[PDB]
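A short worksheet on the structure shown next.
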There are 2 protein chains.
Amino acid sequence: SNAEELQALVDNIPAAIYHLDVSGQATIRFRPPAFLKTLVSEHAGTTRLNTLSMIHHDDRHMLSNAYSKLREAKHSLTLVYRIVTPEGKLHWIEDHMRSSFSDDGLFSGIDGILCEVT
Amino acid sequence: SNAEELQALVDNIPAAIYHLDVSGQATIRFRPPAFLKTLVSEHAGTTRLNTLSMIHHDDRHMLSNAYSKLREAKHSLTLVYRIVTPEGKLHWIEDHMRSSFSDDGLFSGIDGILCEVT
């Protein structure tokens, strides 16, 4: 898939941006893709993805339909939808999703890889 | 440079791994390169790079010499050195470093990009 390809590619690059401060402390710098720079939040020392509140209104029923499908069965799907940001920028998203389940057949969340289409 | 090339490449990939939990909360997953998996620490919700304590003993004077150079002048340098991990694994590192300074001509730390050589 257009997006799986991409990440299989990030996973092979053995590179890491770091910053070393004056006191000798090296901290790894993690940057989301540029377009995502403004679309994420800090919470509990973890990066949040605010992208779901941004789905274009005409793309919402589709997306939600896909969620129901994944919630009830172990699927992989690829979705394309638009998002509109706070600052009115429009982006086409390719979003690959994989459903997951607990040992007990319980739904345990979704693992995704998303990219901008251009 | 061997490593600058690499990251210029990560910076262009508009892909992001995320996890969406059962309560609707999407968190971006940040993974260091595999070899680095075991070589980083969690601290203050930020990832630490424990790689400097691992420099091979025969590579230490060199590296430290480079630090003195960067500390006194805005330089970019590329260093290659070995590290030995807790579990005795040996890795060749290419490490590109850029010196930085405060408005007042004060040394303000080092910005680097490092990769495994193979």
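Values quoted throughout were computed directly from the atomic coordinates according to the rules given, and no laboratory measurement underlies them. All Cβ positions, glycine included, derive from the backbone under ideal geometry; neighbour counts span all protein chains shown.
General observations
- Nearby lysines by direct alpha-carbon distance to B:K69 (threshold 29 angstrom, same-chain neighbours under 8 apart not counted): none
- Volume of the Cα convex hull of the protein assembly as shown, divided per residue and given in Å³: 158
- log₁₀ of I(q)/I(0) at q = 0.16, 0.18, 0.21 Å⁻¹ - chain A, Debye sum with one point per alpha carbon: -0.94, -1.12, -1.33
- Rh (Kirkwood; distinct C-alpha pairs) - segment A:61-102, Å: 11.5
- Sparsely packed loop sites in segment A:41-111 (the trypsin sites (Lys or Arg not before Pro) outside DSSP H, G, I, E and B with at most 16 other Cβ atoms within 10 Å) comprise A:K74, A:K89.
- Simple label model, 7 Å out from Cα along Cβ direction - A:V84 to A:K37, nm: 2.4
- Between helix B:60-72 and chain B: long-axis angle, C-alpha atoms, 0 to 90°, nearest 10: 90
- The Cβ shell under 13 Å around A:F30 holds other residues with a net charge of +3, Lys and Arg each +1, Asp and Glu each -1.
- Note on A:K74: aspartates and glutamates with a C-alpha under 19 Å away, same-chain residues under 8 apart excluded, are A:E4, A:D95, A:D103, A:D104, A:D111, B:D21.
- Projected label distance in nm at B:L77 and A:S68, using a 7 Å step from Cα toward the beta-carbon: 6.3
- Taken along its three principal axes, the alpha carbon spread of segment A:13-59 comes to 51, 27, 14 Å, from the longest extent down to the shortest.
- Look at the stretch A:99-106: the mean tally of other chain Cβ atoms within 10 Å of its residues' Cβ atoms is 1.
- Excluding same-chain neighbours fewer than eight residues apart, the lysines reachable from A:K37 by a Cα-Cα span under 26 Å are A:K89, B:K37.
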